[PDB]
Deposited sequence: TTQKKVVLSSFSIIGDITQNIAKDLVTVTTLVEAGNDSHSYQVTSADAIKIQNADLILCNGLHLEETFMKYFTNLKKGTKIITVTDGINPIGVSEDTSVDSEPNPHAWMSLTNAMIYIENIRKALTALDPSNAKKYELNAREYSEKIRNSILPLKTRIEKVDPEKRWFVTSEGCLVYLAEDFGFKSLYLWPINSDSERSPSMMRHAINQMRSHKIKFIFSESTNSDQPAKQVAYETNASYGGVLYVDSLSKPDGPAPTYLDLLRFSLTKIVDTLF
């Protein structure tokens, strides 16, 4: 039985929905750890040796630990599951490092699924028909949950078309749904007084009503910005990790559904 190692919780969960126990799906950066400067342990090195296939986000998400994906089993490939997603830069002034949060998008969910289906199929071609069926079922499951939220979101008045967050975690969502985005820092692990100043100025300027924080960072900056802008703190979104199993976002679908529900509930 083949072993497929995903770099972090969100990719592991996607892969499990496509493979459904045809392969053993493992995860390196488990829920509640952050990929940036993640410490690869000796146990983790066993996971890496066992892998017949390694599934990464790319977009620099794994940059601090790519070096551990060495001395690999013969034949074991590293697949970048964001292949075909046009990157959005960490420059809020659009050349720069890529923003890794491509999974926060309905369109991109379908691409992650397709790239994983394709890699599973190449790895394990005798199960092609099964991965094919499973990938379609899963794609449909996500569309069925998430599209009605999009449909509601799209009714927002053009002037209120802003997703404002702490980390730059919704830039791909913004692009997918036709919203502008504002944030305080591009990626959590640093930080910038002038980016805060800019956000405050932009919110005042466009009468933006809400700003969110996220499940792996502090709410303090968002609340401070809300105060300085006469805006409201919108609460906590789940974007960078699955939650714990008894939390609100224990699967990738549940993560998308929770966060986009909270967004639409805040906008309307």
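- In sequence order, the gaps in C-alpha coverage of the deposited chain fall at 1 to 3, 98 to 99, 196 to 197.
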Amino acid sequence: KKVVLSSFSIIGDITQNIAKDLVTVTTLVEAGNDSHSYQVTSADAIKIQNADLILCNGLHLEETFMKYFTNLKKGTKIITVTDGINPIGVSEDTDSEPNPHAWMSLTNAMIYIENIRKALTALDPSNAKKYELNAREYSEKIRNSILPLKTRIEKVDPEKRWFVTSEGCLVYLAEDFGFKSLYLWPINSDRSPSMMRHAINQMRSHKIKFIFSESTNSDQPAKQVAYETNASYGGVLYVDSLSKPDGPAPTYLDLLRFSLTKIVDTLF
From here on, numbers count along this sequence of modelled residues.
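- For the pair 209 to 217 and 52 to 60, the mean B factor over Cα atoms is greater in 209 to 217.
- For the two regions 232 to 240 and 219 to 227, the entry's Cα B-factors average higher over 219 to 227.
- The residue among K160, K118, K150, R143 whose C-alpha atom has the highest B-factor in the PDB entry is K160.
- Among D190, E137, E154, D124, the highest C-alpha B-factor recorded in the PDB entry belongs to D190.
- The PDB entry assigns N201 a C-alpha temperature factor belonging to the highest third of its chain's modelled residues.
- When the CA B factors of the chain's modelled residues are split into thirds, the value for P87 lands in the middle one.
- In this PDB entry, the Cα temperature factor of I78 sits in the middle third of its chain's modelled residues.
- Sort the chain's modelled residues by C-alpha temperature factor and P100 lands in the lowest third, per the entry.
- When the modelled residues of the chain are ordered by their C-alpha B factor, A109 lands in the lowest third.
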